[PDB]
Amino acid sequence: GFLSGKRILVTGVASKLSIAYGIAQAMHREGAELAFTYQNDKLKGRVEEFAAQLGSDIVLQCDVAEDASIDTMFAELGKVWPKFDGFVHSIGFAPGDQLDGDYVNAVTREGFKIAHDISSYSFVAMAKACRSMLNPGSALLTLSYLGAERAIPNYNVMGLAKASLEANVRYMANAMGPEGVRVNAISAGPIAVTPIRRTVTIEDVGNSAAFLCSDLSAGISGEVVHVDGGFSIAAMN
Amino acid sequence: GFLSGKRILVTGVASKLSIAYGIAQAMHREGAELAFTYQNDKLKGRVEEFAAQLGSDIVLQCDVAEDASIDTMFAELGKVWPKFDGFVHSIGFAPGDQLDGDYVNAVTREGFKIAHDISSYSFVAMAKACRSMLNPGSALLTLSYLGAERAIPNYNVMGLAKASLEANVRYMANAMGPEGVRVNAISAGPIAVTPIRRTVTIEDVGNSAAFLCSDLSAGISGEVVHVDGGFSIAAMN
Amino acid sequence: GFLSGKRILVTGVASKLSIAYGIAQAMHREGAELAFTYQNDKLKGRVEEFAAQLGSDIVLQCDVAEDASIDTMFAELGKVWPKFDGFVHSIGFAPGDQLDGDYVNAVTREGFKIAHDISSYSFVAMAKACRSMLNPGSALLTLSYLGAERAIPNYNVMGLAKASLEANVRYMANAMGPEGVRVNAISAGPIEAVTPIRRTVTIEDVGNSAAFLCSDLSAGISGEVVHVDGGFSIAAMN
Amino acid sequence: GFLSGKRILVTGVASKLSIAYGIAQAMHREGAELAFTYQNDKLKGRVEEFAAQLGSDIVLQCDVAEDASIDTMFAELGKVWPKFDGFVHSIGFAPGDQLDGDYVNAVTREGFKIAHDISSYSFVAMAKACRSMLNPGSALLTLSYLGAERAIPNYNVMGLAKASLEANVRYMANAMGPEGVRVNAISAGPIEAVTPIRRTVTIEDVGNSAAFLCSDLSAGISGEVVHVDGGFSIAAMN
Ligand SMILES: NC(=O)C1=CN([C@@H]2O[C@H](COP(=O)(O)OP(=O)(O)OC[C@H]3O[C@@H](n4cnc5c(N)ncnc54)[C@H](O)[C@@H]3O)[C@@H](O)[C@H]2O)C=CC1
Ligand SMILES: NC(=O)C1=CN([C@@H]2O[C@H](COP(=O)(O)OP(=O)(O)OC[C@H]3O[C@@H](n4cnc5c(N)ncnc54)[C@H](O)[C@@H]3O)[C@@H](O)[C@H]2O)C=CC1
Ligand SMILES: NC(=O)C1=CN([C@@H]2O[C@H](COP(=O)(O)OP(=O)(O)OC[C@H]3O[C@@H](n4cnc5c(N)ncnc54)[C@H](O)[C@@H]3O)[C@@H](O)[C@H]2O)C=CC1
Ligand SMILES: NC(=O)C1=CN([C@@H]2O[C@H](COP(=O)(O)OP(=O)(O)OC[C@H]3O[C@@H](n4cnc5c(N)ncnc54)[C@H](O)[C@@H]3O)[C@@H](O)[C@H]2O)C=CC1
Ligand SMILES: Cc1c(N)cccc1Cn1ccc(OCCc2cccs2)cc1=O
Ligand SMILES: Cc1c(N)cccc1Cn1ccc(OCCc2cccs2)cc1=O
Ligand SMILES: Cc1c(N)cccc1Cn1ccc(OCCc2cccs2)cc1=O
Ligand SMILES: Cc1c(N)cccc1Cn1ccc(OCCc2cccs2)cc1=O
């Protein structure tokens, strides 16, 4: 398929409902060889079982809160994949207390710090940590949401962390372009007033993700692609 | 390939350098069955030779300046393709006098009229003319340029016609979504300060176009996808 | 006020409810000298009286469908204002049949043609015709709507025309900046429980932002579409 | 002028060249009563004298890295202004090492942390701390740069921080609108042969747009990032 030849690392698999699960299934269908990270001991067994079903046995621990964790993960990867063709960053977090009601009242310095650190900084931290490992023609991808661009009730500080992440996509694309690396995002709909009259699925997101990490999207970099059924471009439906 | 099963009509082939040529080659590689239009008698033989090389013998006249021409073309198509899965609108024109120097001095009412009529109205005119022919899961695509969003010297009134066209994409996506039809655009780079450090090719544009007309992009509608190497998202490089 | 010493032409005053009427009121309040156009003879009476109360007896017919009407109008203005400081373009039209239901079924070539001609082309048509009459420091302004940027039901082909109009703003700004002219738009809210200021905007609000945009207070702003909609466009699922 | 009857707090006045200095000058010219903060003791002297000439003896230390300094500052302001009408946030910082060359090589977790904390979080931190002191009709304003929206060489992690800041504007606007507060940003040009007005913008230009944005003249505008860059961002390959 249109990923045959490619070796792609997939973060963020936590359950069958994860966007990263949908992405991994699509990329495997299109012939990618896959590797996976897991955040912690809670998630290890689930990610091992899924990796095995997709024919992979590269499953490595990575907490993107820790620079040493990301470095150690990329040294372990380099033992089997001395070079590879990019990664899917499907990692987001804000403390639950941030998401409760009026934005100005809910936000705190620490909640802001954490949401930005995990949801935005970790994307470039990963790119720093593997930069010399990336083949020419590599592609990096991250997942964002319409909260980056609009004020969405309760989404709160995650909207700022997503706006930072989309700026990260542009700064990364511009910095790494000259070495043959593309960096994009998908702004996914939540997983009626939507033009396609349904919600998007992890299968929809997975197909677009596969495209965006493949040579088919050679022309596209620094872009935030809306995979939300047309929701964001409509009003008053 | 990822278009097998699909029947797609391709407008705008005028030479081997045409974007539509690149699109047709990619879509044929991915297993689409193709049909072609040609504007006039000048272009007929070239489009017949290309259609034949891609295994098609559906080559029909269409001047999108004329409602009768578009209707007659879709009746001729309906004789071989009573239903089909969308079309590639790769048709743009402004009189050459519009493109010469200061925008306010160059523009005229007639040049404005023509550039909008041919470059923007014709996309929805085509959709009107075939609407009951489109299968659920159909996709329409048009080509736009960064002149829609920025003031680009000499591009002049074509920039307004492109801004109208991108609004047409959104209005069309929203109107036709409920019958299972997606409508998108590609904002292509012109065929250094570009992140990928080259210009995009009709092969790049063709691959993205193929994706955008295929079921792989099921999640994407009313979108203007920048296929310009990251140019539009950079500044002061 | 902050438009003292400025001469501004205001189009599109049709009644007291007109956006152009709130704009004229605010610029008059702020000390501008005003001139007015009307579309056709039916409006001549009313626009003559609205002008009077805004200190003006300059009231000129102008149908922006016709190049010669634009030229005749600026020739007449030139007899009293051989130089002036800009104009407010508050003119839009699409045939009623264009706005009825599904956009792909309703739009026609002729509807699309007229909408774009009257709501977008006319802005630059007026600039062409008065370009040599503008002082350095001049400002042009037009009115747009969110329908340029989003698919809004029933707004239909008028959304395409407004998208064309906002690109017109950028191309006119870029062309005319070097000679000392700025060009902007206000994207006005319609004239609400999910608007951040929790009310609809008024012609007073739009008037005050328009006065700013045509004054030297906004010397650093050109080619910009300023949203004067109470924050409606930046919110979602409120 | 058009800010008579308003009380506005201005942060970030560091010298005569400061954007905050041009803003304070314009709001003072237009009749606002002003109060000022300074970051640390080094600046105390100078900000006391800048305040004096802008009719103010309200000059308070505030380091926005610290919640307690923000709280102490608003407690002190409250002794003289128990209510006021908004503030100008003109505070940005990233460590110098962040801005040197290639962005992926230069950025660090700590640089990213401080940039976002000081340039984006502090805006909302100040709003939280004074929310009950604001009158209906209040306006908050911050300063952004094109680096939020585009990848600009060397601007590096500060572009991410400004993107965070412009989303902050929208979320703060949406949260605070119902109680009668607006929140906006000015995306200023740097303080040129391809700028449509063919000059760089000055702190005077930015000052005048800021005065507008904090006055009742802009009652219809919230959650908006207004480009005060002479049209630079809307042009390409000029
Ligand atoms: N679910 C939705 O509706 C949408 C989600 N998104 C984004 O998609 C991405 C994936 O979200 P989902 O799959 O829905 O949920 P999820 O909860 O399945 O996945 C989030 C993942 O982040 C990982 N993660 C969190 N902190 C981490 C850390 N310190 N180190 C390493 N990994 C860490 C978790 O282990 C988990 O695998 C996120 O960035 C989210 O913001 C975007 C649009 C819509
Ligand atoms: N060439 C470039 O750098 C870029 C081009 N575009 C757009 O891509 C599209 C295709 O352009 P190109 O392939 O470069 O050039 P082209 O000249 O190969 O194709 C334009 C086509 O439009 C057709 N056309 C014009 N008026 C017509 C009418 N009345 N009825 C039917 N067909 C008509 C011509 O026959 C020709 O096939 C256009 O819409 C153009 O604006 C977009 C971005 C960059
Ligand atoms: N009312 C609303 O909700 C909003 C209106 N707008 C725009 O503001 C502008 C003014 O609209 P309104 O004041 O609401 O309605 P209006 O009906 O008072 O003003 C429209 C004006 O355009 C004039 N006009 C029409 N065709 C013309 C022609 N051929 N020649 C000369 N003048 C012509 C009419 O005579 C009338 O004065 C329009 O551009 C409109 O699209 C923008 C946002 C919201
Ligand atoms: N100078 C320029 O080209 C542009 C600047 N901006 C923005 O305008 C704002 C002001 O910048 P400028 O006046 O140019 O420089 P400046 O150096 O005069 O102002 C920056 C101010 O931030 C204050 N500050 C820094 N850290 C702080 C902290 N922890 N606590 C309290 N105050 C703190 C400094 O004391 C100083 O007053 C910034 O947000 C900047 O990013 C926006 C567009 C262009
Ligand atoms: C992982 C995480 C955490 N820890 C906190 C908030 C959000 C998320 C992920 N997520 C989850 C759902 C989502 O839904 C978009 C629709 C929404 C709008 C307002 C609230 S949710 C977007 C989205 O980003
Ligand atoms: C078919 C046509 C006609 N008749 C008139 C103008 C433009 C075009 C097609 N075209 C061709 C080239 C193009 O180049 C983008 C770069 C440019 C910028 C300024 C002028 S050209 C974009 C683009 O749209
Ligand atoms: C003068 C004119 C004509 N002839 C036809 C349509 C629109 C207008 C002016 N107008 C008037 C109202 C307006 O309301 C925006 C809200 C809407 C949304 C969908 C339909 S109206 C926008 C707007 O542009
Ligand atoms: C106070 C501060 C610190 N500590 C570090 C970086 C930037 C700034 C303020 N500033 C100053 C100049 C500026 O210029 C925009 C033009 C640029 C483009 C690339 C690098 S500067 C934007 C801008 O934000």
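Residue numbers (my numbering), protein chains in the order written: chain A, 7 to 243; chain L, 7 to 243; chain R, 2 to 239; chain S, 2 to 239. Even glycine gets a Cβ: it sits at the ideal position worked out from N, Cα and C.
With respect to the C-alpha of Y177(A), the residue from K17(S), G221(S), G102(S), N239(S) having the closest C-alpha is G102(S). Contact annotation: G79(S) and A173(A) have beta-carbon atoms that are not nearer than 9 Å.
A176(S) places its beta carbon less than 9 Å from that of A157(A). For ligand 5, a non-hydrogen atom lies closer than 8 Å to the CB of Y161(A). Identification of chain A residues near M74(S) by a Cβ-Cβ cut-off of 9 Å yields none; the smallest Cβ-Cβ distance measures about 16 Å. If you check the C-beta of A173(L) against ligand 7, you find no heavy atom less than 8 Å away.
DSSP, reduced to helix, strand and coil, places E229(A) outside both helices and strands of the structure shown, so it counts as coil. If you check the C-beta of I197(A) against ligand 6, you find no heavy atom less than 8 Å away.
In summary, the residues of the region 140-152 of chain L whose CB is separated from some CB of chain S by less than 9 Å are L152, in the order they occur in the chain. At a cut-off of 9 Å between beta carbons, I197(L) makes no contact with chain S.
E225(R) and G7(A) have their C-alpha atoms spaced approximately 46 Å apart. CA-to-CA, the gap between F42(A) and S188(S) works out to about 41 Å. Around the Cβ of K168(A), a 10 Å sphere holds 16 or more other Cβ atoms; the residue is buried. Chain S places a beta carbon closer than 9 Å to that of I239(L), counting this residue as a contact. Shown here for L140(A): same chain residues with a beta carbon closer than 6 Å to its own, the five before and five after excluded, namely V187 in chain order.
In its chain, beyond the 5 residues on either side, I71, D72, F75 have a beta carbon closer than 7 Å to the beta carbon of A130(R).
Counting other Cβ atoms within 10 Å of its Cβ, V227(S) reaches 16 or more and is therefore classed as buried.
In the DSSP assignment, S125(A) is bridged to no other residue. Judged by beta-carbon spacing, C215(R) lies beyond the 9 Å limit of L166(R), meaning their Cβ atoms are not closer than that value. Pairing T17(L) with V110(L) gives a Cβ-Cβ distance that is not under 9 Å. Cβ neighbours of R52(A) within its own chain (closer than 6 Å, five residues either side excluded): none. With a threshold of 8 Å, the Cβ atom of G231(S) does not count as near ligand 8, since no heavy atom of the ligand is closer than that. With its beta carbon less than 9 Å from one in chain R, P159(L) belongs to the interface. For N239(R), the C-beta contacts it makes with chain A under 7 Å involve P159, in order along the chain. In this structure, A216(A) places its C-beta atom within 9 Å of the C-beta atom of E36(A). Scanning the region 185-234 of chain R for uninterrupted beta strand (DSSP E) segments of 3 residues or longer gives 226-229, listed from N- to C-terminal end. As DSSP reads the structure, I9(S) sits in a beta bridge with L35(S). Sequence-distant partners of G112(R) (beyond 5 residues in either direction) whose C-beta falls short of 7 Å from its own C-beta, in its chain, are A95, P96, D98, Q99, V158.
According to the DSSP secondary-structure assignment, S145(R) is paired through a beta bridge with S188(R). In this structure, the alpha-carbon of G138(S) lies about 24 Å from that of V14(S). Within the region 68-128 of chain R, the complete alpha helix (DSSP H) segments at least 4 residues long are 68-81, 104-107, 110-117, listed from N- to C-terminus.
Partner residues in the beta bridge of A240(A), as assigned by DSSP, are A152(R). About 11 Å separates the beta carbon of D69(L) from that of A131(L), a gap too long to meet the 8 Å contact definition.
Here the distance from the Cβ of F124(S) to the nearest heavy atom of ligand 8 is not below 8 Å. With a threshold of 16 other beta carbon atoms within 10 Å, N209(S) meets it and is buried. Residue environment analysis places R204(A) among the exposed positions, since fewer than 16 neighbouring C-beta atoms fall within 10 angstroms of its C-beta.
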